[PDB]
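S.K.: Requesting a structural model of the entry that follows:
(3 chains)
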Amino acid sequence: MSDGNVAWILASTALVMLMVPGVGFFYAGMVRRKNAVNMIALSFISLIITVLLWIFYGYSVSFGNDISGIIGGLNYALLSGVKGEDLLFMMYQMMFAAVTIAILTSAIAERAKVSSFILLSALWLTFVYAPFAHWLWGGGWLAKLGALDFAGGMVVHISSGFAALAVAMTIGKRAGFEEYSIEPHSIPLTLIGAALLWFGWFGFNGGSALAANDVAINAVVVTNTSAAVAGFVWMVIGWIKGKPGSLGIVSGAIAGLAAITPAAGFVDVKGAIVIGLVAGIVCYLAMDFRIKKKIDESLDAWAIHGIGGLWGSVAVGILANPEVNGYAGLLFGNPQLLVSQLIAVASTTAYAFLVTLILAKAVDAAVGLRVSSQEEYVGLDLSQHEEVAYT
Amino acid sequence: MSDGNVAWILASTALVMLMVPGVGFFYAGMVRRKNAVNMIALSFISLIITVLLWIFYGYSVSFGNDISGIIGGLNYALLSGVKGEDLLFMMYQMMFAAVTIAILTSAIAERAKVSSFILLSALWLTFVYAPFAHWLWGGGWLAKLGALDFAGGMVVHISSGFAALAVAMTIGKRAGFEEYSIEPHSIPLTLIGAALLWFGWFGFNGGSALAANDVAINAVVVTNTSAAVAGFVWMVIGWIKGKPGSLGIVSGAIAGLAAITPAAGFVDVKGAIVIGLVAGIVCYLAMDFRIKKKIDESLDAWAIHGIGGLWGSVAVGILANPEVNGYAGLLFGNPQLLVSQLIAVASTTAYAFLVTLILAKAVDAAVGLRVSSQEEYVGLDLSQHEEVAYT
Amino acid sequence: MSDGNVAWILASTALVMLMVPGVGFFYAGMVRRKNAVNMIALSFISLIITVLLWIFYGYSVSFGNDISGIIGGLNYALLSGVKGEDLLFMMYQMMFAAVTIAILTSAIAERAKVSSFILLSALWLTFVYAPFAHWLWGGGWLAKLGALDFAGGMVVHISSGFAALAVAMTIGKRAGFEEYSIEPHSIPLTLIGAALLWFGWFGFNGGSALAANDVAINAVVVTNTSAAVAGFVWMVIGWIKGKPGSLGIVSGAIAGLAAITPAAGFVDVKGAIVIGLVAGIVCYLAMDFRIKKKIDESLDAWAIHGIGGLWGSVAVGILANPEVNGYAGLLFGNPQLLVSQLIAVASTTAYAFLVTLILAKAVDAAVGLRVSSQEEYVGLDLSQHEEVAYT
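M.R.: Numbering: from 1, shown residues only, chains lettered A, B, ... in the order given. Find the structure here:
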């Protein structure tokens, strides 16, 4: 099977798995001390829950026999009939789902019942993630329309980003969100998370070529390029508005990483530079706007991943370079690829937001998403885990 | 030599090396602030000491010319006559030894002299680890009886687990262990360690196939499966007894990882599910029991690794699937494989505990294992390292 | 292109990238709480700035058309004409530059303007790093004289080490540096950085063979060997002078890693043992000496990397083993290789120090390197980033 290709994907799988707790640390540092354990714990639970549902039926529903082009069958339930390289693909994809669910916890920071999060996550993975993966990567209707998504601009970033906006609107603002600002309890912990996310993204984008080839190498080059450019943009914006906070710098880098994800294997370094530059700008504007609208989409999964994934996914249809990986976008003579991307971006953006809204409200009505006021006050570490982060 | 296979093992080696300080962080977060540096430092010392002894003679004593089937000769001392792929195997195995020694520090948490730990570790590596590795992986008597151990269920987990129980009983309870409970100074630091251990285990179990092949891929699938199931079990037990603490969740995942280690390359996903489920249950019962017996085996190396490695090693003889890697267990028609495992588990469990007990007491008599009461009071960071963790 | 070789280098690239924030954490734990974010932020900025300059022209100036043997042309600007494996080489080398710049931040700990650091870094990368890389690795004059540098003993360690000494002397001592000692705010954070640096060094030295072969395997064996020996030396020195602090242990390991870097692919285990042992000793003496001279080269980039890289680079000419990788040093009959190393070490050491001194003073005159006294007092987290590390 080419030991080298299996070697690279085995490693890329480990790298993406690390990104799950990586998201947890990234977010934990931005919430209050009394919620530090909860924020981290949520990412580990996201991993555990995803592994189980994925092998049980999540993998099958995503990449199984296509039915009407919107979802897969159950022929791969419990991995029945999944062997050889399919098992490695299954494993690799499993981690994309896990990271997606973790990114989503941004919207429930500091005020959700763990049990309700588990319920909603299982429903979301089933009715939003699996479908998306199938549409684009499982021979679904979007792939048929000619839409592309190299590493998850829509499957992972738009889905979690817009799903996060809907959840934030359903669960409500944290107490004191509008009156007083919430200070990050540990920026260093967040920076450790940021380091693990940049590192693991080598496997996220670089492993999506499913081989140690020229496409993987290109994906690694443009991924670092877009991250650097977008991170630089936020640094400049920071100086323009005051001082360059470290949170802004890494948030900018992640915007660049999310935007380049859908295009990593189709664009050149110059295209990567444009994607990162625009990503840095549009994502910053999105953050300021949701803040102005007073929406407590806490850790900006929407502004960074949602908007970052949206731009990047559209950018594919504009900048795809034929000399890089065969596909050509608008600027390279093919207006058709741009239309496929817009259809894909429009579909996934609307479904993610609207279906998540339905799922959130449903769970809220069935069991209640938010913790009591007193638990929010004492913190979820004590309330939901009976633990104290630091002594 | 197949660049792909060397690529995967070179990477798996780096991954296992990371697990050494990973254990240090995992444990450091569970002890008091005044002992944080000591707990971490012990894992780095474990690495440094292991590298030196291994190249000097540890590697040879483990995989050198067999003498009577219980130990290897000195033909590989100072790596004399070790080249090519043997050097990569030597390097990879070196890290398993290091992680094993680090896991063991669980038993001396907060009250051991660093010098004595170094002395005991060198003796243990020599008279317990090297022998075990040789018996099972160096063509020793256990391998001859037909016993199997894919990634270290006995060599690494039973050995450190039961060695930890003996050391805990020899060194004694921490001051105030029985009167008052010791609070973890930093659960987030422990969660960072847990993230690094799960990540590195991709190289631990996945690299034991010694190639980027279908066995490695299978090992990676079942390893994540068992971890998820056992982690889920502890989460449920947590809710049943109160709230799901994050420590319980990751401790459960590690139980699953330790239990699947001896079987990662021989069982299927369904077998992995049973191993993880039982691992979660038996390891939790073991923790409650050693606690009830008031044994201060501090960070539960015994309950998690000892008992987890024991079950998993026996499970190999029950669930090994011929279609996975040729070997068949009791449930697949071969009762012979189960008997080989029981003999191997019975031998390694008794030797680890009894020989470690002799070694611990010997070192205790020769130099004294435990620090003075005043040093235990002020903490080992100041007392043994003249350092203060946080300012 | 051999999927296995691309696999190993793709992974080695991710590993070296992780070392950049790794340096940040390593250093952050050693400075005061009020400067924790600044120290970490500097490493992320080092990464972002390096990625941009490298693709823009840094890569070309280092490995482009040679002009007079001292620098490369601009034929590779914006990666023009860089494809296939050259892109992977470009990516891999990019990270060496980033780590080098991060190591350098040792000299400006707690008192530099971020803007000035960015300016100086861009100038340094242009006039010191690019030249060095070209001289030794880009077919420059030093490579022509027969000088060798396997993974960066001179390109990365001597350059940052001596550049750090010059910068420290230009920017001046931190307030209270001579009167009172600065306590590390978080040794555990530093130990997390040390763990990431040891881990990533598998890709640093092991990936420099540019293939998953016997040279990579050898590099990995001797790299861990030298680290262990030098780390052991500092532990012993620690006990001789009091107690073995964890900072001393990991600082010793890093000295061993820096010293073995230039020789990783040319020496045997016995040579690695000598290099690590001497590295441990000479680097400790260098630290004590710069301290005695009251030079506030804060986090000892000079004593560890500068002196460690110098010894190691010279050691190559003494211990290179023909049976390992063809090259032979003085002890193996070839006095010629030693002379090439001394010329290379003498040139890079003098240029790094003198040119950096010119660059530092120039930037200081143009914009001012040091922050105001009040900003140094309140801390750079607030002053330069308007952030507070912990709440």
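S.K.: Once you drop chain neighbours, what's closest to whatever residue of the stretch 51-200 of chain A ends up closest to chain B?
M.R.: Going by CB to the nearest CB, chain B is nearest to residue A:51 of the stretch 51-200 of chain A, at 3.7 Å. For the C-beta atoms, the positions are set from N, CA and C on the backbone; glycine is no exception. Excluding the flanking residues, the one nearest residue A:51 by CB to CB, 6 or more residues apart in numbering or on different chains is residue B:228, at 3.7 Å.
S.K.: again, but for residue A:59
M.R.: Using CB to CB, 6+ apart and skipping residues adjacent in sequence, the residue nearest residue A:59 is residue A:90, 5.0 Å away.
S.K.: count of neighbours near that neighbour?
M.R.: Other residues near residue A:90 come to 23 when the count uses other CB atoms under 10 Å in any protein chain shown.
S.K.: Would you mind measuring from it to residue B:216?
M.R.: 14 Å (CB to CB, to the nearest Å).
S.K.: likewise residue A:186?
M.R.: Computed as CB to CB, the residue A:186 to residue B:216 distance reads 37 Å.
S.K.: Could you check how far residue A:67 is from residue A:131?
M.R.: According to CB to CB, residue A:67 stands 11 Å off from residue A:131.
S.K.: Comparing the two, which residue is more hemmed in?
M.R.: Legend: neighbour count by other CB under 10 Å for residue A:67 and residue A:131, higher for residue A:131 (23 against 12).
S.K.: tell me what the helix or strand containing the more buried one is packed against?
M.R.: Using DSSP states H and E, residue A:131 sits within helix A:130-137. Under the contact criterion of 3 or more CB pairs under 8 Å, 6 or more residues apart in numbering or on different chains; DSSP states H and E, helix A:130-137 touches helix A:59-63, strand A:71-72, helix A:85-104, helix A:141-144, helix A:335-366.
S.K.: those helices in the stretch 251-391 of chain A, which residues are they?
M.R.: Along the stretch 251-391 of chain A, counting by DSSP state H, counting those that start in this stretch, helices occupy A:269-292, A:301, A:307-319, A:322-325, A:335-366, A:373-378, A:380-385.
S.K.: Now do the buried residues in the last one.
M.R.: Spelled out, it's helix A:380-385. A:380-385 (16 or more other CB atoms under 10 Å in any protein chain shown).
S.K.: For chain B, state which of these is nearest.
M.R.: Of the buried residues of helix A:380-385, the one sitting nearest to chain B (CB to the nearest CB) turns out to be residue A:385, at 5.0 Å.
S.K.: Pull the contacting residues for that closest one.
M.R.: A:37-38, A:41, A:114, B:243-246 (CB atoms under 8 Å, 6 or more residues apart in numbering or on different chains).
S.K.: can you do 6 Å?
M.R.: Residue A:385 is in contact with A:37, B:243, B:245-246, counting by CB atoms under 6 Å, 6 or more residues apart in numbering or on different chains.
S.K.: Next up, the contacts around the nearest residue to residue A:200 once chain neighbours are set aside.
M.R.: Leaving aside its sequence neighbours, residue A:200 sits nearest to residue A:19 (CB to CB, 6+ apart; 3.8 Å). By CB under 6 Å, 6+ apart, the contact set of residue A:19 is A:99, A:197, A:200.
S.K.: Please identify the residues of the stretch 151-300 of chain A in proximity to chain C?
M.R.: A:183, A:185-188, A:191, A:195, A:199, A:202, A:206, A:212, A:214, A:217, A:220-221, A:224, A:228, A:231-232, A:242-243, A:245-246, A:249, A:269 (CB under 6 Å from any CB of the partner chain).
S.K.: So which of those residues sit within helices?
M.R.: A:187-188, A:191, A:195, A:199, A:202, A:206, A:214, A:217, A:220-221, A:224, A:228, A:231-232, A:246, A:249, A:269 (DSSP state H).
S.K.: ChimeraX command for the buried members of those?
M.R.: Under the burial definition 16+ other CB under 10 Å, those of those that qualify are selected in ChimeraX by:
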select /A:187,188,191,195,199,202,206,214,217,220,221,224,228,231,232,246,249,269
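S.K.: picking up where we left off before, ok, so of the buried residues of helix A:380-385, who is nearest chain C?
M.R.: residue A:381 (15.1 Å).
S.K.: Can you get me a residue count around the residue nearest to the closest one when sequence neighbours are not counted?
M.R.: Of all residues not flanking residue A:381 in the chain, residue A:37 sits nearest, at 4.3 Å (CB to CB, 6+ apart). When neighbours are counted by other CB under 10 Å, residue A:37 registers 30.
S.K.: who touches the helix or strand hosting residue A:37?
M.R.: Applying DSSP H and E as the criterion places residue A:37 in helix A:36-53. Residues from elsewhere that reach helix A:36-53 (CB under 6 Å, 6+ apart): A:20-21, A:23-24, A:27-28, A:31, A:97-98, A:101-102, A:105, A:118, A:121-122, A:125, A:380-381, A:384-385, A:387, A:389, B:187-188, B:191, B:224, B:228, B:231-232, B:246, B:249.
S.K.: and it, how far from the chain's centre?
M.R.: Distance, stretch centre to chain centre, for helix A:36-53: 15 Å (CA atoms, centre = their mean, to the nearest Å).
S.K.: now stretch A:364-379
M.R.: 25 Å.
S.K.: And that stretch, what's buried?
M.R.: Within stretch A:364-379, the residues that qualify as buried are A:364, A:369-371, A:376, A:379, counting by 16+ other CB under 10 Å.
S.K.: check contacts around the residue in the stretch 51-200 of chain A positioned nearest to chain C.
M.R.: Distances between the stretch 51-200 of chain A and chain C by CB to the nearest CB are smallest at residue A:195, namely 3.6 Å. The contact partners of residue A:195, taken as CB under 6 Å, 6+ apart, are residue C:21.
S.K.: With the one 5 residues further on instead?
M.R.: By CB under 6 Å, 6+ apart, the contact set of residue A:200 is A:15-16, A:18-19, A:22.
S.K.: Make CSV from these and add secondary structure to it.
M.R.: Listed next are these as CSV, based on DSSP: H, G, I helix; E, B strand; the rest coil:
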residue, secondary structure
A:15, helix
A:16, helix
A:18, helix
A:19, helix
A:22, helix
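S.K.: Can you flag the buried ones in those?
M.R.: A:15-16, A:18-19, A:22.
S.K.: tell me how far stretch A:204-211 is from the chain's mean position?
M.R.: Centroid separation for stretch A:204-211 versus its chain: 16 Å, with CA atoms, centre = their mean.
S.K.: Restricting to C-alpha, output it in PDB.
M.R.: Presented in PDB, the C-alpha positions along stretch A:204-211 are these (Å, rounded to 0.1, in the frame of the first residue of the first chain):
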ATOM      1  CA  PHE A 204      -4.900  18.100   9.200                       C
ATOM      2  CA  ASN A 205      -4.100  19.700   5.800                       C
ATOM      3  CA  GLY A 206      -1.000  17.800   4.900                       C
ATOM      4  CA  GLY A 207      -2.600  14.400   5.500                       C
ATOM      5  CA  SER A 208      -5.700  15.200   3.400                       C
ATOM      6  CA  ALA A 209      -3.800  14.300   0.200                       C
ATOM      7  CA  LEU A 210      -3.900  10.800   1.700                       C
ATOM      8  CA  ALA A 211      -0.300  10.200   0.600                       C
END
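S.K.: contacts for that stretch?
M.R.: Contacts for stretch A:204-211 (CB under 6 Å, 6+ apart): A:5, A:9, A:12, A:16, A:150-151, A:215-216, A:219-220, A:223, A:261, A:264-265, C:10.
S.K.: For the closest residue to chain B within the stretch 201-350 of chain A, what are phi and psi?
M.R.: Residue nearest to chain B within the stretch 201-350 of chain A (CB to the nearest CB): residue A:212, separated by 8.1 Å. When quoted as degrees, to the nearest 10, the phi and psi of residue A:212 stand at phi -90, psi 70.
S.K.: okay, now it: neighbour count?
M.R.: 35.
S.K.: Quick one: name the residues of chain A near chain B.
M.R.: Within chain A, the positions near chain B by CB under 6 Å from any CB are A:3-4, A:6-7, A:10-11, A:14, A:18, A:21, A:36-37, A:40-41, A:44, A:48, A:51-52, A:79, A:84, A:87-88, A:91, A:385-387, A:389-391.
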